Each structure stands twice: as structure tokens, then as C-alpha cells.
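**Student:** To start, I am sharing the structure in question, which I have written as C-alpha cells.
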Amino acid sequence: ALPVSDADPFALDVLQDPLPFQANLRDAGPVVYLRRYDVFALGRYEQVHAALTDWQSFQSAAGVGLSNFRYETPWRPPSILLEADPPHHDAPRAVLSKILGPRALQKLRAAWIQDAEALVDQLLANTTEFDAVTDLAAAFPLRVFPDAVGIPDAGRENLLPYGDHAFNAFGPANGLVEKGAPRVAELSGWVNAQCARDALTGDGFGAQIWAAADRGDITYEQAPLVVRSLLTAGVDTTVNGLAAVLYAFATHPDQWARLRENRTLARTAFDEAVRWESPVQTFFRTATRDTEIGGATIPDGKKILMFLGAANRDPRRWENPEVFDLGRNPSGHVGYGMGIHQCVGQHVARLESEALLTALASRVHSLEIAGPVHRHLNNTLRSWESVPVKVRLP
Ligand code: HEM
Ligand SMILES: CCc1ccc(C(=O)O)cc1
């Protein structure tokens, strides 16, 4: 009965430009069987939302990549947040929810704002033409987030590769994964080292996680894996979200002026970029029982592929979805997911954006694309390689 398709969402040509595919997915029906992978794809907002929230029907503990941990060996000990269901999910989630929550981040705001202003000021002192990825979007998270976690300086060059491999590894064992598999032992080796109590400053998120373990909120065994979650999820996502927002502003002069005309728009600017780009494209779930969704039965034990990018551009939910518009209300986009696993780092992402955008807006009159943009292909993370920009100063 279902629409059925030979489309490969992880083919390089789709990864380079996934918008065609998303439209085809959404157009085919609520539920498309991807024969290539024996999973059920969902591309419309309504079903993606329903699948995300229904953790009882659609579990995470069997893996939220293609790989089914029922049968297949994980490349790493699975995340005790992302790949855990209730009740195991609950305690580590609650720890991060508190540590990364708005109240907690309040104390970092002025420092991050300040660090962003310094970054931008020093960049613009040297040059008004530069790569928005390497000089801003990549630079700024690396300058603030590792320090805030409180890991040592040694080995920080592993953060982006580690993150990229983890997101690739949610995909099939295709070239993007298999070309990374030599390096994982040394990648996994480093990150585990950063997660130990003795490797971490006694100030940052890491120390706070360990302090939560002292109170018994989590165990000393969970504590380093909780730190690990931050070091997997917390860097590459924000780099690519920041690249997207910068790309959006550089191609939308009116939206840029609107930001400049009201600095409180940063928050909603970043959230709209998250909707519009959807840096995290896809996640899987595993059906725990035969389940009806969008008219289709998902057999017990089979995986659903949720297309967050496609749901975020679904015209059933969004007016003129292709447009980047800070006048839009993007609240309810599924770019951070939805329900019990909804991104716990969203306050962290929004603050980085607020800091960087405020700093940029203070010093840049207008912003243009200065040269060809280039994507970095990844199975699950829409990644920006280069975004040459030129700025005009006041
Ligand atoms: C633009 C930035 C970000 C995007 C687009 C993003 C996206 C996501 C999405 C889609 C999920 C849901 C996973 C699922 O449903 O299976 C998620 C979960 C998560 N994110 Fe984020 N994220 C971002 C930034 C961050 C940051 C800065 C951190 C940490 C500081 C972080 C940590 C996490 C964690 C630990 C989870 C798992 C939570 C759970 O399973 O309960 N993310 N993120
Ligand atoms: C942002 C998607 C994501 C969420 C959590 C993890 C992790 O816990 O390692 C890794 C990736």
C-alpha cells in the first residue's frame, strides 16, 4: 500500500543538495518505505512531530542511527542520553537540563558576549573579507564551549572530527563512515580522557556533572559519559548552525538590517536558521510494537527515519517554508527534536548565537557572500565548509 522508493537519503548527491529529496518525500505521502535501507521515512511535520514525541512507540535505545543495536556492535558505548529510553534516560537528562538551563547559563552570558566582541574586533582589525566558517562559526564555539565544559587545551583539534564521525556514524556504513573508522580508536581514546573528573576544571559543566554525581543524581560511572554527551553534541552542531545563520544574513540584507535594528532578534534569528537549515537532518527510532502513523503500520522492530529538515520545510506547517524570515515565528520547528529528548543544549546554542550576532551587528553595516560557498558532506549533519563573506564597516 505504502509509497515505496529507491531514493538514498545518504547518497552524496542528496547530501550535497537534499531539498529535492525532501520535497519528493513529503509529496509521496506521509510514510514512504525506503527499500534500500528497510526503514520508513517520515518527511512531513505532522508525522515527524508525532514520531518524536511518542517515545513509547518509537524508542531510542536500539540506536537513533541506522544501525540496530539489537544486532550490531556500536562504534562506541552508546550515549546514555540520546540512545536511552525511560527510565534510564531520566537521571542523566535531568542533570544536563539543570546545568545547561537558562538560569545556569546566565553567569556565562557577559563572558561569551565579551569573547565574541573580542573575536570580531580582532578579526575586523585584520580584514573585512574572510571565511565565515573558519573565522567565526567554527572559531567562536571553540573559543567558549570547551572552556565552559572545562576540558584541557590538549587535544581540542579532536572535537570537530569526533563530532563529525559521530554524526556520520548515525548513517550507513558508507564511505563517509568507513573512511573514518581507522581514526576512531584515537578519537574515542582522547574524548574519554577529557571526561574524567581529574581532567576537568572544578568550575565548568564537567565539574557540575561530577558534583551532581556526588549528590547521587547520577552515578560516578554515568558522570564521564554525561560529559561525553556534551563533547559529542555540543560543538559541531553549533558550528554549523552559526554558519547557517551567517549564510542566511549574508544573503538577506533586509533580515540583517532587521537584526541590527533590534538586537533582541538574535534569539529568534538563530531558531529560524535552525528551522531553515536544520543542521541535524535525520534521526531514527525503532518501533517497539506495530504502530499506526500517517496511515501506515510500522512493524514492531523496524526503524523510522525522521527527516527534521523536511518537516521544517513542510508547507502544511510553515508558510513559504524556503524563506529565511526573522518575522516568522519558528517556535515548534523540530530542528532540536521534540519531546523527552529535545535538545538539552538549545540554551547554549542560542546564547552562542546571541553573543556572536550581537558582536557582529555592532561592527558590521552590511554583509555579502564574497565567493563560492562549499558544503562539507555528512550523513546526518548539514555542515558548512566555506562561506566567504565581505563586510562593510559603518
Ligand atoms: C544548533 C545546535 C543544535 C542542534 C541543531 C541540535 C540538535 C539536536 C537534536 C535534533 C536532538 C534530539 C535527538 C533525538 O531526538 O534523538 C538533540 C539532542 C541533544 N542535544 Fe542538541 N543540538 C544542538 C546544540 C547542542 C548543544 C550546544 C549541546 C550541548 C551543549 C547539545 C546536546 C544535546 C544532547 C546531550 C542531546 C540529547 C538529549 C536527550 O537525549 O535527552 N546540543 N540536539
Ligand atoms: C545533537 C545530536 C546528538 C545528541 C546527543 C549526542 C550524545 O549524547 O553523544 C550526540 C549527538
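Labels used: A, B, ... for chains in the order of the C-alpha cells, numbers from 1 for residues in each chain, and numbers from 1 for ligands as shown.
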Can I get the residues close to ligand 1 as JSON, numbers by chain, where close means within 7 Å and we count only C-alpha atoms and all ligand atoms?
**Tutor:** {"A": [52, 60, 64, 81, 82, 83, 89, 93, 100, 229, 230, 233, 234, 235, 237, 238, 240, 241, 274, 278, 279, 280, 283, 334, 335, 336, 337, 338, 340, 341, 342, 343, 344, 345, 346, 348, 349]}
**Student:** Limited to N, CA, C and O atoms, could you put the picked residues into a file as a tab-separated table (two decimals), in the first residue's frame?
**Tutor:**
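Wrote part-v4.tsv, looks like this:
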chain	number	residue	atom	x	y	z
A	52	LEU	N	8.56	11.85	17.02
A	52	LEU	CA	9.49	12.36	18.01
A	52	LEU	C	8.96	12.22	19.44
A	52	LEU	O	9.72	11.85	20.33
A	60	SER	N	14.66	4.88	21.41
A	60	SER	CA	15.99	5.33	21.07
A	60	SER	C	17.07	4.34	21.51
A	60	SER	O	18.22	4.42	21.05
A	64	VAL	N	19.67	5.47	17.39
A	64	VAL	CA	18.98	6.52	16.65
A	64	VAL	C	19.73	6.76	15.33
A	64	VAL	O	19.41	7.68	14.60
A	81	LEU	N	22.25	9.54	27.14
A	81	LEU	CA	21.12	10.41	26.86
A	81	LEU	C	20.39	10.03	25.58
A	81	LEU	O	19.24	9.61	25.62
A	82	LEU	N	21.07	10.23	24.45
A	82	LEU	CA	20.48	10.11	23.13
A	82	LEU	C	20.00	8.69	22.84
A	82	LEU	O	18.96	8.52	22.21
A	83	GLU	N	20.70	7.67	23.34
A	83	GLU	CA	20.34	6.31	22.99
A	83	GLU	C	19.87	5.58	24.24
A	83	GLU	O	20.16	4.39	24.45
A	89	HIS	N	16.91	7.01	30.86
A	89	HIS	CA	17.18	8.33	30.28
A	89	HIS	C	17.11	9.44	31.33
A	89	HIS	O	17.74	10.49	31.20
A	93	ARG	N	19.50	13.03	31.70
A	93	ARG	CA	18.75	14.17	31.17
A	93	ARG	C	18.53	15.30	32.19
A	93	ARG	O	18.71	16.48	31.90
A	100	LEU	N	22.60	23.06	31.90
A	100	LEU	CA	22.59	23.84	30.67
A	100	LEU	C	21.34	24.71	30.57
A	100	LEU	O	21.05	25.25	29.50
A	229	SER	N	28.54	13.25	26.32
A	229	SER	CA	27.43	13.81	25.55
A	229	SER	C	27.70	15.24	25.13
A	229	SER	O	27.50	15.57	23.99
A	230	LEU	N	28.12	16.11	26.06
A	230	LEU	CA	28.44	17.48	25.71
A	230	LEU	C	29.55	17.56	24.65
A	230	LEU	O	29.50	18.43	23.78
A	233	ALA	N	27.85	16.31	21.14
A	233	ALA	CA	26.70	17.02	20.61
A	233	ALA	C	26.89	18.53	20.59
A	233	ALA	O	26.07	19.23	19.99
A	234	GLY	N	27.92	19.04	21.29
A	234	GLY	CA	27.89	20.42	21.71
A	234	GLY	C	28.73	21.35	20.84
A	234	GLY	O	28.71	22.57	21.07
A	235	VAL	N	29.52	20.80	19.91
A	235	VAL	CA	30.44	21.64	19.16
A	235	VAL	C	30.03	21.72	17.69
A	235	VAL	O	29.75	22.82	17.21
A	237	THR	N	27.36	20.88	15.95
A	237	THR	CA	26.02	21.38	15.77
A	237	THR	C	26.05	22.91	15.75
A	237	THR	O	25.48	23.54	14.83
A	238	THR	N	26.67	23.50	16.77
A	238	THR	CA	26.62	24.94	16.89
A	238	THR	C	27.45	25.58	15.80
A	238	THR	O	27.08	26.64	15.32
A	240	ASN	N	27.79	24.54	12.74
A	240	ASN	CA	27.01	24.53	11.50
A	240	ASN	C	25.75	25.40	11.61
A	240	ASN	O	25.36	26.03	10.63
A	241	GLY	N	25.12	25.45	12.79
A	241	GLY	CA	24.02	26.39	12.99
A	241	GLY	C	24.51	27.84	12.86
A	241	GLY	O	23.84	28.67	12.25
A	274	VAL	N	17.87	27.53	12.47
A	274	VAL	CA	17.81	26.12	12.78
A	274	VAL	C	16.70	25.45	11.99
A	274	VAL	O	16.89	24.33	11.51
A	278	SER	N	18.21	23.32	9.37
A	278	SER	CA	18.09	22.04	10.07
A	278	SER	C	19.44	21.31	10.08
A	278	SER	O	19.60	20.27	9.43
A	279	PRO	N	20.45	21.85	10.82
A	279	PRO	CA	21.79	21.26	10.88
A	279	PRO	C	21.78	19.77	11.17
A	279	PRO	O	22.48	19.04	10.53
A	280	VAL	N	20.90	19.33	12.07
A	280	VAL	CA	20.70	17.91	12.21
A	280	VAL	C	19.52	17.54	11.34
A	280	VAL	O	18.38	17.91	11.64
A	283	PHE	N	17.19	11.60	12.21
A	283	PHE	CA	17.41	10.64	13.27
A	283	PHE	C	16.43	9.50	13.06
A	283	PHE	O	15.39	9.71	12.46
A	334	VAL	N	11.24	21.43	14.47
A	334	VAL	CA	11.74	20.18	15.04
A	334	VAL	C	13.26	20.06	14.80
A	334	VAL	O	13.83	18.98	14.92
A	335	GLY	N	13.95	21.19	14.62
A	335	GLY	CA	15.39	21.19	14.42
A	335	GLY	C	16.21	20.76	15.64
A	335	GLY	O	17.38	20.36	15.52
A	336	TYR	N	15.62	20.88	16.83
A	336	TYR	CA	16.18	20.40	18.08
A	336	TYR	C	15.51	19.11	18.52
A	336	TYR	O	15.76	18.65	19.62
A	337	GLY	N	14.64	18.55	17.67
A	337	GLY	CA	13.81	17.43	18.07
A	337	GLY	C	12.58	17.90	18.83
A	337	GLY	O	12.21	19.05	18.76
A	338	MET	N	11.98	17.03	19.64
A	338	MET	CA	10.73	17.34	20.28
A	338	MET	C	10.44	16.24	21.30
A	338	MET	O	10.66	15.06	21.01
A	340	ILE	N	10.88	14.12	24.91
A	340	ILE	CA	11.72	13.91	26.07
A	340	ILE	C	13.21	14.03	25.70
A	340	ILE	O	14.01	14.29	26.60
A	341	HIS	N	13.58	13.89	24.41
A	341	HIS	CA	14.97	14.01	24.04
A	341	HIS	C	15.27	15.35	23.39
A	341	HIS	O	16.39	15.55	22.92
A	342	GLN	N	14.30	16.25	23.33
A	342	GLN	CA	14.54	17.55	22.70
A	342	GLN	C	15.84	18.16	23.21
A	342	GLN	O	16.14	18.14	24.40
A	343	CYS	N	16.63	18.72	22.28
A	343	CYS	CA	17.97	19.17	22.56
A	343	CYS	C	18.08	19.87	23.91
A	343	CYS	O	17.35	20.81	24.19
A	344	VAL	N	19.01	19.40	24.73
A	344	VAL	CA	19.18	19.93	26.07
A	344	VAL	C	20.17	21.09	26.02
A	344	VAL	O	20.24	21.87	26.99
A	345	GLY	N	20.87	21.23	24.88
A	345	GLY	CA	21.85	22.29	24.67
A	345	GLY	C	21.32	23.50	23.91
A	345	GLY	O	22.11	24.38	23.58
A	346	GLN	N	20.00	23.67	23.80
A	346	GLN	CA	19.46	24.74	22.97
A	346	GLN	C	19.71	26.11	23.58
A	346	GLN	O	19.89	27.09	22.85
A	348	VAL	N	22.32	26.77	25.21
A	348	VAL	CA	23.74	27.00	24.96
A	348	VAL	C	23.89	27.49	23.51
A	348	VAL	O	24.59	28.47	23.26
A	349	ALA	N	23.19	26.81	22.59
A	349	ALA	CA	23.27	27.24	21.21
A	349	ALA	C	22.78	28.69	21.04
A	349	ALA	O	23.39	29.51	20.34
**Student:** Just asking: which residues within stretch 214-331 of chain A are strand (DSSP E or B) according to DSSP, as a count of residues only?
**Tutor:** 18
**Student:** Could you give me, as a count of residues only, each residue of stretch 145-272 of chain A that DSSP assigns to alpha helix (DSSP H) when run on this structure's backbone?
**Tutor:** 84
**Student:** Which residue is closest to ligand 2? Choose from A:159, A:42, A:273, A:166 and count only C-alpha atoms and all ligand atoms.
**Tutor:**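 When distances to ligand 2 are compared using only C-alpha atoms and all ligand atoms, the smallest one comes from A:166.
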**Student:** In terms of the shortest atom-to-atom distance over only C-alpha atoms, which of A:125, A:236, A:130, A:381 is closest to residue A:158?
**Tutor:**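 Looking at the shortest contact to residue A:158, the residue is A:236.
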**Student:** Identify which of the residues A:199, A:6, A:16, A:87 lies closest to residue A:36, counting only C-alpha atoms when measuring atom-to-atom distances.
**Tutor:**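 Among the listed residues, the smallest separation from residue A:36 belongs to A:6.
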**Student:** Name all residues at most 12 Å from residue A:314 (count only C-alpha atoms; drop same-chain ones fewer than 3 positions away) and give them as an MDAnalysis selection string.
**Tutor:** chainID A and resid 19 22:27 30 42:49 275:276 307:311 317:323 333:334
**Student:** What is the distance between atom CA of residue A:133 and atom CA of residue A:193, in Å to one decimal?
**Tutor:** 27.9 Å
**Student:** Would you list the contacts of stretch 185-189 of chain A as a list in words, taking every protein, DNA or RNA residue within 10 Å and counting only C-alpha atoms, but skipping same-chain residues closer than 6 positions in sequence?
**Tutor:**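 Here the qualifying residues turn out to be residues 75, 76, 77, 155, 158, 159, 161, 162, 163, 165 and 228 of chain A.
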**Student:** Please provide as JSON, numbers by chain all residues within 12 Å of residue A:38, with the sequence filter that same-chain residues fewer than 6 positions apart are discarded (counting only C-alpha atoms).
**Tutor:** {"A": [4, 5, 6, 7, 8, 32, 66, 67, 68, 172, 286, 298, 299, 301, 302, 303, 304, 305]}
**Student:** As JSON, numbers by chain, please: the residues near residue A:102 (cut-off 10 Å, only C-alpha atoms, same-chain neighbours under 2 positions excluded).
**Tutor:** {"A": [97, 98, 99, 100, 104, 105, 106, 107, 346, 347, 348, 351]}
**Student:** What's the 12 Å shell around residue A:115, counting only C-alpha atoms, without same-chain residues fewer than 4 positions away, as a ChimeraX atom specification?
**Tutor:** /A:108-111,119-122,136,139-145,147,352,354-356,358-360
**Student:** Keeping C-alpha atoms for every residue in the selection just given, could you write it to a file as a compact mmCIF listing (two decimals), in the first residue's frame?
**Tutor:**
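Saved as part_28.txt:
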# COMPACT_ATOMS: atom_id res chain seq x y z
CA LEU A 108 28.23 32.87 31.17
CA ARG A 109 26.40 35.49 29.11
CA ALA A 110 28.60 38.53 29.68
CA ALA A 111 31.78 36.47 29.24
CA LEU A 119 36.91 37.80 18.33
CA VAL A 120 35.05 40.01 15.91
CA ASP A 121 37.06 43.12 16.83
CA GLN A 122 40.39 41.35 16.25
CA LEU A 136 33.54 32.93 13.08
CA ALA A 139 36.18 29.88 15.85
CA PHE A 140 33.56 31.13 18.32
CA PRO A 141 32.30 27.76 19.72
CA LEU A 142 35.90 26.53 20.02
CA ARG A 143 36.77 29.67 21.99
CA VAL A 144 33.95 29.40 24.55
CA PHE A 145 32.40 25.95 24.72
CA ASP A 147 36.42 26.26 28.30
CA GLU A 352 26.44 31.48 21.42
CA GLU A 354 23.22 35.86 20.63
CA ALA A 355 26.85 36.59 21.59
CA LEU A 356 28.30 36.22 18.06
CA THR A 358 25.46 40.92 18.79
CA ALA A 359 29.21 41.29 18.33
CA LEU A 360 28.93 41.13 14.56
**Student:** So, counting only C-alpha atoms and all ligand atoms, which residue among A:164, A:153, A:129, A:135 is closest to ligand 2?
**Tutor:** A:164
**Student:** Nearest to residue A:205: which of A:244, A:389, A:50, A:226 is it, counting only C-alpha atoms?
**Tutor:**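 Looking only at the distances to residue A:205, the closest residue turns out to be A:226.
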**Student:** Can you work out which one of A:258, A:1, A:224, A:156 has the shortest atom-to-atom distance to ligand 2, counting only C-alpha atoms and all ligand atoms?
**Tutor:** A:224
